[PDB]
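Heads up: the structure comes next, in structure tokens.
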Amino acid sequence: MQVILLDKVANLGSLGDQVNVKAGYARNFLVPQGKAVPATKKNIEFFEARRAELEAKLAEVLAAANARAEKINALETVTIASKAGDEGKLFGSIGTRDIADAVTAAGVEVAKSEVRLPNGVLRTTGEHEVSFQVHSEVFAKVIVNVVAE
Amino acid sequence: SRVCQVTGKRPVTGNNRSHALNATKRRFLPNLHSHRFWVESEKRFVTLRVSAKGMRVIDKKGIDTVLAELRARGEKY
RNA sequence: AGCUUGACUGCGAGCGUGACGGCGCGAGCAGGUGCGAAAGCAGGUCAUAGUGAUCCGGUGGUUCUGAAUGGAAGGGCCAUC
RNA sequence: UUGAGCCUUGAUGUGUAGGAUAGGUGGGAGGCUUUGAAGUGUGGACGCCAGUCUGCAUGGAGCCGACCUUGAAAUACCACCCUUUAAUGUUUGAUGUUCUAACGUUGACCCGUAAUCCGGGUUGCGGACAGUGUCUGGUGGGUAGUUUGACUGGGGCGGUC
RNA sequence: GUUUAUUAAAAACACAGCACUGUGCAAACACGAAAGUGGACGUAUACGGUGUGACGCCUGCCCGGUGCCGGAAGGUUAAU
RNA sequence: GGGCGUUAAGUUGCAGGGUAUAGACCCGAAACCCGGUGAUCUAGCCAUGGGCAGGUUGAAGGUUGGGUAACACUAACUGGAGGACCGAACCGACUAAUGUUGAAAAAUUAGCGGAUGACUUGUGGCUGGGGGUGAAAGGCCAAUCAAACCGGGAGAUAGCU
RNA sequence: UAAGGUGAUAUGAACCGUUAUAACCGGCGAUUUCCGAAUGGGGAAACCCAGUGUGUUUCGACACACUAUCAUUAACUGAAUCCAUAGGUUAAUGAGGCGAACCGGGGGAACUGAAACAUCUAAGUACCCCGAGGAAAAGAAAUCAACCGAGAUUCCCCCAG
RNA sequence: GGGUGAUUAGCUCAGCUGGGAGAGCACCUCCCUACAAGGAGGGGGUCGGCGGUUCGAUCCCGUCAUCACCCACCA
């Protein structure tokens, strides 16, 4: 089965490369988990004639900073609201639109998390270094409110 | 009855014929497993009742007339 | 005792029996021969029980057949199981 | 880890006797080593104790050969095939192990819905098993269809066909 | 205490109890192929199946047969 | 040589006898399969509501006086346990009796057994014909029963009266 | 279309006509209660009870109108949820119940025959379940045919015993 | 009344295509010491009776004698 890779998955190919995979693994994981797309002798434009030419200009010809590098690139404190209890209970800060963010965006609405916590379970106040690892070319980090006051 | 929605696969005529040589009925049916997929004309993922090979019909046959025939019979997806 | 293996091949004036199936007997002709000086006899044993059909199937033979044309599977025929 | 299968490329290949690690089977002079030859022996792994080596110290195409001598067989440079080896690509079984992504939820809670059934979500956990089907071996009077004679101074017992 | 209503009211049937046994909860199991529901919204001191039948005193022999539980190697042996 | 063959004319319409198949000769099983009815009977479960004149044993429990280390003891006061005593209703159906084209498709009488109990029962609902429901008798299921009733296969089939 | 009539039990009573409303016949419409598909919402066969509007007066309320769900499609709205989906509120079109046959597909016996039975017979036959139209269904050769040829299908008779 | 099977060493019993007899345990004699015991050595068959088949019959067949066992069978 012909597919195009959209994520770091598998040893074969890379992001924007067409590859051949068994229809089984292309049915249970790669397509439903959004890691790849079919090619159908037609969809071979999906990256190379759709995504790959602004990649060379966006932050080096048309502007100086990429779409989130104009918002954060150094170590920032988290700006999304937080409030903890007397037993240090954090009462949130881990859900899809309540989890740690430091750029205070407006008019936008999100449905899934993008960050990696230092532990995937977080119930209580403390120091936490939170990482943005959505694409291997990019790294950013933020620090949570240690008292949630 | 358990039927495939994309292929129209129905129950079949068939006998035992082994232990004994008899024309005794046993009731033969397609085994359902369903598939949850995308058609680009519906703004959603769709779960459709399919059996063995029925998902491999969706893979490479045109289905827009069957998606309309289900609706011409009032059947839900 | 000597040799012989007729424990015959293709047949048949035909015949005794029984409702029939079936059984039982055979003049006599020819093929290939055996004993014998030769005729003649030998168609298994002195005569009567030791096993009975149709069917599918085993075995080898077969231009008798074989399915649009040519094989071959299949069918029959012959011989035995 | 171990079966059924593949041949791709580098390495591997010697008792005796001997200069001496000639795999098998065939060619024949100018051709070549690039993850290879030295230093070569300190330590380690092998050995017929003759020799062979990773590594490290160390270097990058030389140099070598036919005559000759030993030997069935010849000693440059080498195609293909095999044995010993290793890695690569790679089809398919046996058994056990891991992960998450099919499947599952009679796990948590969220909404339609101030609903008990349902659907989908958020989020966990089980997990390619279980489940569901097709083929298949057992087990199944629990249930079901069916058979199990005729003779006789009347049957049985006896004797009979 | 129950029963052949309409020829048998019993020594048969039932029972606290006694024994043998299944069952870890989406229990075992039933009817339905399932949809559900009951068991039960109970949880091994609970529930299911079966036998035995106050109590007291006691209770020998047998694994050839028939079924179960465990042992797990091997044999006969299917699809493949 | 043998066998079978080379001279009897059939065919078409009507008239008749037979045969096959038709309902095949008329009436006629038990039984089977399919589609339904009936759970106001009767059985059992579920829910919601009734019935038991009156008499017996006066116990158990409650509490206080004496009192012991501690009660059981000793002495009074109080008080209402039962698949218990007896006995109408009511229910049972053990014995006697009348009845048998009955007054009754087992009913009516007397004795007997039970009588707050595993008792007795009114109304609804749930379960049904190879199916129900049974402290079981293969009992009973709307007068019908080890397969009721109704409608079909079907004028089933019957070496038989 | 006519000079006579106004249903039957059926008398009794009373009128209506000659030329358009005597009586009545044909067509195309209007009106079309409650139950029944039966459908605003409910029900144990003709009973019970709402929602949303319009209009109007003296406004303790009538008159009139619209209204199952399901499906298709659109509009408006709108959960978890961002886009979206259900759910919510409407509109346009469509099924639904019925007399008869013919007729399309599904589920499908037992009886009977083999002179017992089990593949086979009987038989896709009955009964049942769904359902359409003037007919239903058939249909325009990856077809027959046998080297010659035919050139969608249906019906009738042969082909055939 | 009817029937099944046996008869061989003292006792248990082998040996049927029909081929002139064998074991166990006893016993007898002996050893050890006196018997149980231990050990050693050793033994002999009316292989039912009479007929028939056979070369040959306990052995196959009939029939009587004997024993143990089965059984006296529907209304």
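We label chains A, B, ... in the order they appear in the structure tokens, count residues from 1 in each chain, and number ligands from 1 in the order shown.
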Closest atom pairs, residues of chain D within 10 Å of chain B, only C-alpha atoms (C1' of nucleotides), as a Markdown table:
| residue | atom | partner | partner_atom | distance |
| --- | --- | --- | --- | --- |
| D:103 | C1' | B:33 | CA | 9.8 |
| D:132 | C1' | B:31 | CA | 7.1 |
| D:133 | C1' | B:31 | CA | 5.6 |
| D:134 | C1' | B:31 | CA | 9.7 |
Kindly save the residues from that selection, with N, CA, C and O atoms (P, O5', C5', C4', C3', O3' and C1' of nucleotides) included, as a PDB file, in the first residue's frame.
ATOM      1  P     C D 103     -11.537  -1.581  16.128  1.00  0.00           P
ATOM      2  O5'   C D 103     -11.675  -2.790  17.140  1.00  0.00           O
ATOM      3  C5'   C D 103     -12.144  -4.060  16.726  1.00  0.00           C
ATOM      4  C4'   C D 103     -12.056  -5.087  17.863  1.00  0.00           C
ATOM      5  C3'   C D 103     -12.722  -4.675  19.154  1.00  0.00           C
ATOM      6  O3'   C D 103     -14.130  -4.816  19.105  1.00  0.00           O
ATOM      7  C1'   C D 103     -10.600  -5.617  19.610  1.00  0.00           C
ATOM      8  P     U D 132     -18.062 -14.833  21.364  1.00  0.00           P
ATOM      9  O5'   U D 132     -17.915 -14.447  19.842  1.00  0.00           O
ATOM     10  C5'   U D 132     -18.589 -13.328  19.300  1.00  0.00           C
ATOM     11  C4'   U D 132     -18.277 -13.149  17.826  1.00  0.00           C
ATOM     12  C3'   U D 132     -18.628 -14.388  17.023  1.00  0.00           C
ATOM     13  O3'   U D 132     -20.008 -14.414  16.713  1.00  0.00           O
ATOM     14  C1'   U D 132     -16.532 -13.390  16.385  1.00  0.00           C
ATOM     15  P     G D 133     -20.728 -15.663  16.073  1.00  0.00           P
ATOM     16  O5'   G D 133     -20.160 -15.667  14.596  1.00  0.00           O
ATOM     17  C5'   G D 133     -19.806 -16.871  13.963  1.00  0.00           C
ATOM     18  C4'   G D 133     -18.958 -16.584  12.739  1.00  0.00           C
ATOM     19  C3'   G D 133     -18.601 -17.874  12.026  1.00  0.00           C
ATOM     20  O3'   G D 133     -19.602 -18.319  11.120  1.00  0.00           O
ATOM     21  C1'   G D 133     -16.679 -16.519  12.386  1.00  0.00           C
ATOM     22  P     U D 134     -19.856 -19.867  10.848  1.00  0.00           P
ATOM     23  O5'   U D 134     -18.686 -20.369   9.955  1.00  0.00           O
ATOM     24  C5'   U D 134     -18.632 -20.068   8.572  1.00  0.00           C
ATOM     25  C4'   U D 134     -17.364 -20.615   7.962  1.00  0.00           C
ATOM     26  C3'   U D 134     -17.114 -22.098   8.238  1.00  0.00           C
ATOM     27  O3'   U D 134     -17.893 -23.024   7.482  1.00  0.00           O
ATOM     28  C1'   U D 134     -15.142 -20.829   8.579  1.00  0.00           C
TER      29        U D 134
END
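The shell of residues at most 9 Å from residue 18 in chain H, with only C-alpha atoms (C1' of nucleotides) counted and near chain neighbours (fewer than 2 positions) removed, consists of residues 16, 54, 56, 57, 59 and 60 of chain H.
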Check: If you run DSSP on this backbone, which residues of chain A come out as strand (DSSP E), and could you give them as a ChimeraX atom specification?
Finding: /A:2-5,18-20,36-38,76-77,129-132,140-143
Residues of the last selection are to be written out with N, CA, C and O atoms, as a CSV table (one decimal), in the first residue's frame.
chain,number,residue,atom,x,y,z
A,2,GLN,N,0.7,2.2,-0.9
A,2,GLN,CA,1.4,3.4,-1.0
A,2,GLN,C,0.9,4.4,0.0
A,2,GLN,O,-0.3,4.6,0.0
A,3,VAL,N,1.8,5.1,0.7
A,3,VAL,CA,1.5,6.1,1.7
A,3,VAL,C,2.6,7.2,1.7
A,3,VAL,O,3.7,7.0,1.2
A,4,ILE,N,2.3,8.4,2.2
A,4,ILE,CA,3.2,9.5,2.4
A,4,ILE,C,3.3,9.8,4.0
A,4,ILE,O,2.3,9.8,4.6
A,5,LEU,N,4.5,9.9,4.5
A,5,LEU,CA,4.8,10.1,5.9
A,5,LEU,C,4.6,11.5,6.3
A,5,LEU,O,5.2,12.4,5.7
A,18,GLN,N,7.1,9.6,-0.1
A,18,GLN,CA,6.2,8.4,-0.4
A,18,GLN,C,6.9,7.1,-0.2
A,18,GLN,O,8.0,6.9,-0.7
A,19,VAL,N,6.2,6.2,0.6
A,19,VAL,CA,6.7,4.8,0.9
A,19,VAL,C,5.7,3.8,0.8
A,19,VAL,O,4.5,4.0,0.8
A,20,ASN,N,6.1,2.5,0.6
A,20,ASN,CA,5.2,1.3,0.6
A,20,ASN,C,5.2,0.6,1.9
A,20,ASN,O,6.2,0.3,2.5
A,36,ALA,N,0.5,9.1,8.7
A,36,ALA,CA,0.6,9.0,7.3
A,36,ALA,C,-0.7,9.3,6.5
A,36,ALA,O,-1.8,9.3,7.1
A,37,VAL,N,-0.6,9.4,5.2
A,37,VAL,CA,-1.8,9.6,4.3
A,37,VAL,C,-1.6,8.7,3.0
A,37,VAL,O,-0.5,8.5,2.6
A,38,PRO,N,-2.7,8.2,2.4
A,38,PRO,CA,-2.6,7.5,1.1
A,38,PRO,C,-2.0,8.3,0.0
A,38,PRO,O,-2.0,9.6,0.0
A,76,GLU,N,10.2,30.8,29.5
A,76,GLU,CA,9.1,31.6,29.9
A,76,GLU,C,8.3,30.9,31.1
A,76,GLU,O,8.2,29.7,31.1
A,77,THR,N,7.7,31.7,31.9
A,77,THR,CA,6.7,31.3,32.9
A,77,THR,C,5.4,31.1,32.2
A,77,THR,O,5.0,31.9,31.3
A,129,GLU,N,9.3,21.4,34.7
A,129,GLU,CA,9.8,21.8,33.4
A,129,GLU,C,9.0,21.1,32.3
A,129,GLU,O,9.1,19.8,32.2
A,130,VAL,N,8.3,21.8,31.5
A,130,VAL,CA,7.3,21.3,30.5
A,130,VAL,C,7.9,21.6,29.1
A,130,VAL,O,8.4,22.7,28.8
A,131,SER,N,7.9,20.5,28.2
A,131,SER,CA,8.6,20.5,27.0
A,131,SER,C,7.6,20.5,25.7
A,131,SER,O,6.6,19.8,25.8
A,132,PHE,N,8.0,21.2,24.7
A,132,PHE,CA,7.3,21.2,23.4
A,132,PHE,C,8.1,20.5,22.3
A,132,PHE,O,9.0,21.1,21.8
A,140,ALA,N,11.1,23.9,22.6
A,140,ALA,CA,10.9,25.0,23.5
A,140,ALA,C,10.4,24.4,24.9
A,140,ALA,O,9.9,23.3,25.0
A,141,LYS,N,10.7,25.2,26.0
A,141,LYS,CA,10.4,24.8,27.3
A,141,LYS,C,9.8,25.9,28.2
A,141,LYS,O,10.2,27.1,28.0
A,142,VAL,N,8.9,25.6,29.1
A,142,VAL,CA,8.2,26.5,30.0
A,142,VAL,C,8.2,26.0,31.4
A,142,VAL,O,8.3,24.8,31.6
A,143,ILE,N,8.0,26.8,32.4
A,143,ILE,CA,7.9,26.5,33.8
A,143,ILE,C,6.6,27.0,34.4
A,143,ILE,O,6.2,28.1,34.2
Tell me which protein, DNA and RNA residues are within 9 Å of residue 2 in chain E, counting only C-alpha atoms (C1' of nucleotides), leaving out same-chain ones fewer than 6 positions away, and put them as a PDB file with N, CA, C and O atoms (P, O5', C5', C4', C3', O3' and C1' of nucleotides), in the first residue's frame.
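Saved file result16.pdb follows:
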ATOM      1  P     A E   9     -56.246 -43.325  50.287  1.00  0.00           P
ATOM      2  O5'   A E   9     -54.889 -42.492  50.355  1.00  0.00           O
ATOM      3  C5'   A E   9     -53.738 -43.001  51.018  1.00  0.00           C
ATOM      4  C4'   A E   9     -53.109 -41.957  51.949  1.00  0.00           C
ATOM      5  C3'   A E   9     -54.101 -41.423  52.955  1.00  0.00           C
ATOM      6  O3'   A E   9     -53.501 -41.182  54.225  1.00  0.00           O
ATOM      7  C1'   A E   9     -53.165 -39.658  51.677  1.00  0.00           C
ATOM      8  P     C E  13     -39.476 -40.714  48.260  1.00  0.00           P
ATOM      9  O5'   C E  13     -40.391 -39.432  48.214  1.00  0.00           O
ATOM     10  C5'   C E  13     -40.904 -38.903  46.991  1.00  0.00           C
ATOM     11  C4'   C E  13     -41.700 -37.636  47.211  1.00  0.00           C
ATOM     12  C3'   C E  13     -40.929 -36.591  48.009  1.00  0.00           C
ATOM     13  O3'   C E  13     -39.928 -35.937  47.258  1.00  0.00           O
ATOM     14  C1'   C E  13     -43.151 -36.761  48.738  1.00  0.00           C
ATOM     15  P     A E  14     -38.713 -35.229  47.969  1.00  0.00           P
ATOM     16  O5'   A E  14     -39.299 -34.135  48.922  1.00  0.00           O
ATOM     17  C5'   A E  14     -39.904 -32.958  48.416  1.00  0.00           C
ATOM     18  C4'   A E  14     -40.497 -32.141  49.541  1.00  0.00           C
ATOM     19  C3'   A E  14     -39.468 -31.708  50.576  1.00  0.00           C
ATOM     20  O3'   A E  14     -38.647 -30.648  50.110  1.00  0.00           O
ATOM     21  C1'   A E  14     -41.412 -32.498  51.628  1.00  0.00           C
TER      22        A E  14
ATOM     23  P     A F 135     -44.146 -28.061  43.852  1.00  0.00           P
ATOM     24  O5'   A F 135     -44.068 -28.969  45.152  1.00  0.00           O
ATOM     25  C5'   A F 135     -43.152 -30.039  45.250  1.00  0.00           C
ATOM     26  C4'   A F 135     -43.368 -30.878  46.513  1.00  0.00           C
ATOM     27  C3'   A F 135     -44.785 -31.409  46.637  1.00  0.00           C
ATOM     28  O3'   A F 135     -44.977 -32.492  45.754  1.00  0.00           O
ATOM     29  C1'   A F 135     -43.866 -30.665  48.726  1.00  0.00           C
TER      30        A F 135
END
Write out as a PDB file with N, CA and C atoms, in the first residue's frame which residues come within 7 Å of range 118-124 of chain A when counting only C-alpha atoms (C1' of nucleotides), dropping same-chain ones fewer than 6 positions away.
ATOM      1  N   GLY A  88      -2.078  21.522  48.474  1.00  0.00           N
ATOM      2  CA  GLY A  88      -1.297  21.619  47.250  1.00  0.00           C
ATOM      3  C   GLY A  88      -1.998  20.993  46.036  1.00  0.00           C
ATOM      4  N   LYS A  89      -3.267  20.590  46.126  1.00  0.00           N
ATOM      5  CA  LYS A  89      -4.078  20.086  44.999  1.00  0.00           C
ATOM      6  C   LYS A  89      -4.131  21.157  43.904  1.00  0.00           C
ATOM      7  N   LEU A  90      -3.818  20.824  42.672  1.00  0.00           N
ATOM      8  CA  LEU A  90      -3.730  21.781  41.556  1.00  0.00           C
ATOM      9  C   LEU A  90      -5.059  21.997  40.804  1.00  0.00           C
ATOM     10  N   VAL A 130       8.257  21.814  31.504  1.00  0.00           N
ATOM     11  CA  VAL A 130       7.342  21.301  30.469  1.00  0.00           C
ATOM     12  C   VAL A 130       7.924  21.558  29.092  1.00  0.00           C
TER      13      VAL A 130
END
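Counting only C-alpha atoms (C1' of nucleotides), every residue of chain D that comes within 10 Å of chain A is listed here: residues 100, 101, 102, 122 and 123 of chain D.
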Notebook entry, point to check: From the set G:82, G:70, G:57, G:62, which residue has the shortest atom-to-atom contact distance to chain A, counting only C-alpha atoms (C1' of nucleotides)?
Noted result: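 The shortest atom-to-atom distance to chain A comes from G:82.
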Margin query: For a test of reading the model, state the distance in Å between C1' of residue 123 in chain F and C1' of residue 42 in chain F, rounded to one decimal.
Written below: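 Between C1' of residue 123 in chain F and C1' of residue 42 in chain F the gap works out to 17.4 Å.
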Next item on the list: Show which residues sit within 9 Å of range 32-45 of chain C, as a VMD selection string. Count only C-alpha atoms (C1' of nucleotides), and ignore same-chain residues fewer than 6 positions away.
Entry: chain C and resid 3 to 9
Prev. selection, N, CA and C atoms (P, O5', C5', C4', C3', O3' and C1' of nucleotides), output as a PDB file, in the first residue's frame:
ATOM      1  P     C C   3       8.950 -91.622 -16.104  1.00  0.00           P
ATOM      2  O5'   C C   3       8.032 -90.867 -17.164  1.00  0.00           O
ATOM      3  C5'   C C   3       8.381 -90.737 -18.525  1.00  0.00           C
ATOM      4  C4'   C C   3       7.145 -90.590 -19.430  1.00  0.00           C
ATOM      5  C3'   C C   3       6.336 -89.301 -19.361  1.00  0.00           C
ATOM      6  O3'   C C   3       6.873 -88.163 -20.031  1.00  0.00           O
ATOM      7  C1'   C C   3       4.884 -91.186 -19.393  1.00  0.00           C
ATOM      8  P     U C   4       6.396 -86.700 -19.655  1.00  0.00           P
ATOM      9  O5'   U C   4       4.825 -86.655 -19.778  1.00  0.00           O
ATOM     10  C5'   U C   4       4.122 -86.615 -21.002  1.00  0.00           C
ATOM     11  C4'   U C   4       2.627 -86.639 -20.748  1.00  0.00           C
ATOM     12  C3'   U C   4       2.130 -85.426 -20.001  1.00  0.00           C
ATOM     13  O3'   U C   4       1.986 -84.273 -20.817  1.00  0.00           O
ATOM     14  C1'   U C   4       1.188 -87.412 -19.105  1.00  0.00           C
ATOM     15  P     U C   5       2.047 -82.825 -20.195  1.00  0.00           P
ATOM     16  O5'   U C   5       0.748 -82.681 -19.314  1.00  0.00           O
ATOM     17  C5'   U C   5      -0.541 -82.680 -19.924  1.00  0.00           C
ATOM     18  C4'   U C   5      -1.624 -82.311 -18.937  1.00  0.00           C
ATOM     19  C3'   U C   5      -1.398 -80.908 -18.368  1.00  0.00           C
ATOM     20  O3'   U C   5      -2.592 -80.154 -18.339  1.00  0.00           O
ATOM     21  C1'   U C   5      -1.536 -82.555 -16.648  1.00  0.00           C
ATOM     22  P     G C   6      -3.203 -79.526 -19.686  1.00  0.00           P
ATOM     23  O5'   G C   6      -4.477 -80.447 -19.938  1.00  0.00           O
ATOM     24  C5'   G C   6      -5.731 -80.141 -19.383  1.00  0.00           C
ATOM     25  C4'   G C   6      -6.717 -81.305 -19.533  1.00  0.00           C
ATOM     26  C3'   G C   6      -6.155 -82.644 -19.044  1.00  0.00           C
ATOM     27  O3'   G C   6      -7.042 -83.283 -18.148  1.00  0.00           O
ATOM     28  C1'   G C   6      -7.245 -82.840 -21.127  1.00  0.00           C
ATOM     29  P     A C   7      -6.793 -83.221 -16.584  1.00  0.00           P
ATOM     30  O5'   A C   7      -7.274 -81.778 -16.186  1.00  0.00           O
ATOM     31  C5'   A C   7      -8.626 -81.416 -16.191  1.00  0.00           C
ATOM     32  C4'   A C   7      -8.808 -80.110 -15.439  1.00  0.00           C
ATOM     33  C3'   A C   7      -7.680 -79.094 -15.666  1.00  0.00           C
ATOM     34  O3'   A C   7      -8.173 -77.771 -15.702  1.00  0.00           O
ATOM     35  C1'   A C   7      -7.850 -79.637 -13.383  1.00  0.00           C
ATOM     36  P     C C   8      -8.377 -77.040 -17.098  1.00  0.00           P
ATOM     37  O5'   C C   8      -9.438 -77.990 -17.848  1.00  0.00           O
ATOM     38  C5'   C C   8     -10.092 -77.591 -19.055  1.00  0.00           C
ATOM     39  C4'   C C   8      -9.133 -77.533 -20.230  1.00  0.00           C
ATOM     40  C3'   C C   8      -9.615 -76.613 -21.345  1.00  0.00           C
ATOM     41  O3'   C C   8      -9.447 -75.263 -20.976  1.00  0.00           O
ATOM     42  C1'   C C   8      -8.390 -78.491 -22.135  1.00  0.00           C
ATOM     43  P     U C   9     -10.532 -74.164 -21.270  1.00  0.00           P
ATOM     44  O5'   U C   9     -10.291 -73.700 -22.761  1.00  0.00           O
ATOM     45  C5'   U C   9      -9.510 -72.569 -23.095  1.00  0.00           C
ATOM     46  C4'   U C   9      -9.604 -72.291 -24.595  1.00  0.00           C
ATOM     47  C3'   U C   9     -11.036 -72.179 -25.123  1.00  0.00           C
ATOM     48  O3'   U C   9     -11.563 -70.886 -24.972  1.00  0.00           O
ATOM     49  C1'   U C   9      -9.735 -73.534 -26.533  1.00  0.00           C
TER      50        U C   9
END
Next item on the list: Identify, on the basis of only C-alpha atoms (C1' of nucleotides), every residue whose closest approach to residue 48 in chain E does not exceed 8 Å; exclude the query and any residue fewer than 5 positions from it along the same chain; express the result as a list in words.
Entry: residues 22, 23, 28 and 29 of chain E
Next item on the list: Give as a list in words every residue of chain B that touches chain A within 12 Å, counting only C-alpha atoms.
Entry: residues 35, 36, 37, 38, 45, 55, 56, 59 and 60 of chain B
Notebook entry, point to check: Skipping near chain neighbours, those fewer than 2 positions away, what residues fall within 12 Å of residue 9 in chain B using only C-alpha atoms (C1' of nucleotides), listed as number ranges by chain?
Noted result: B: 1-7, 11-12, 28-32, 49-54, 57
Next item on the list: Apply DSSP to the backbone of this structure and, from chain B, keep only the residues in helix (DSSP H, G or I); write these as a PyMOL selection string.
Entry: chain B and resi 54-58+64-72
Keeping only N, CA and C atoms, take the residues you just selected and write them out as a short mmCIF file (atom, residue, chain, number, x, y, z; two decimals), in the first residue's frame.
data_model
loop_
_atom_site.label_atom_id
_atom_site.label_comp_id
_atom_site.auth_asym_id
_atom_site.auth_seq_id
_atom_site.Cartn_x
_atom_site.Cartn_y
_atom_site.Cartn_z
N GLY B 54 -15.93 -6.88 2.89
CA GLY B 54 -16.71 -5.66 2.69
C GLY B 54 -15.87 -4.38 2.88
N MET B 55 -14.85 -4.40 3.74
CA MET B 55 -13.93 -3.27 3.94
C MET B 55 -12.99 -3.13 2.74
N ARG B 56 -12.59 -4.26 2.17
CA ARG B 56 -11.85 -4.29 0.91
C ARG B 56 -12.67 -3.96 -0.35
N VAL B 57 -13.99 -3.90 -0.27
CA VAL B 57 -14.82 -3.29 -1.34
C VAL B 57 -14.78 -1.77 -1.23
N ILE B 58 -14.91 -1.23 -0.02
CA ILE B 58 -14.78 0.22 0.23
C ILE B 58 -13.42 0.76 -0.20
N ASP B 64 -20.78 5.89 -3.90
CA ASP B 64 -21.70 7.02 -3.76
C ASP B 64 -23.15 6.66 -4.16
N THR B 65 -23.35 5.73 -5.09
CA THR B 65 -24.66 5.19 -5.46
C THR B 65 -25.25 4.29 -4.37
N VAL B 66 -24.43 3.59 -3.59
CA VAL B 66 -24.86 2.73 -2.48
C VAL B 66 -25.17 3.58 -1.27
N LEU B 67 -24.37 4.62 -1.01
CA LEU B 67 -24.64 5.62 0.00
C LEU B 67 -25.96 6.33 -0.27
N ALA B 68 -26.36 6.49 -1.54
CA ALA B 68 -27.67 6.99 -1.94
C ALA B 68 -28.77 5.92 -1.90
N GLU B 69 -28.48 4.66 -2.20
CA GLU B 69 -29.43 3.53 -2.17
C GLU B 69 -29.84 3.16 -0.74
N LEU B 70 -28.90 3.20 0.21
CA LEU B 70 -29.18 3.06 1.63
C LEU B 70 -30.18 4.12 2.05
N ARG B 71 -29.97 5.37 1.63
CA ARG B 71 -30.86 6.49 1.89
C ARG B 71 -32.18 6.39 1.11
N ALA B 72 -32.21 5.83 -0.08
CA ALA B 72 -33.44 5.52 -0.82
C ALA B 72 -34.27 4.41 -0.15
#
Next item on the list: Return the single residue from B:21, B:62, B:15, B:77 that is closest to chain G, with distances computed using only C-alpha atoms (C1' of nucleotides).
Entry: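 Going through B:21, B:62, B:15, B:77 one by one, the smallest distance to chain G is for B:21.
Separating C1' of residue 103 in chain F from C1' of residue 140 in chain F is a distance of 27.7 Å.
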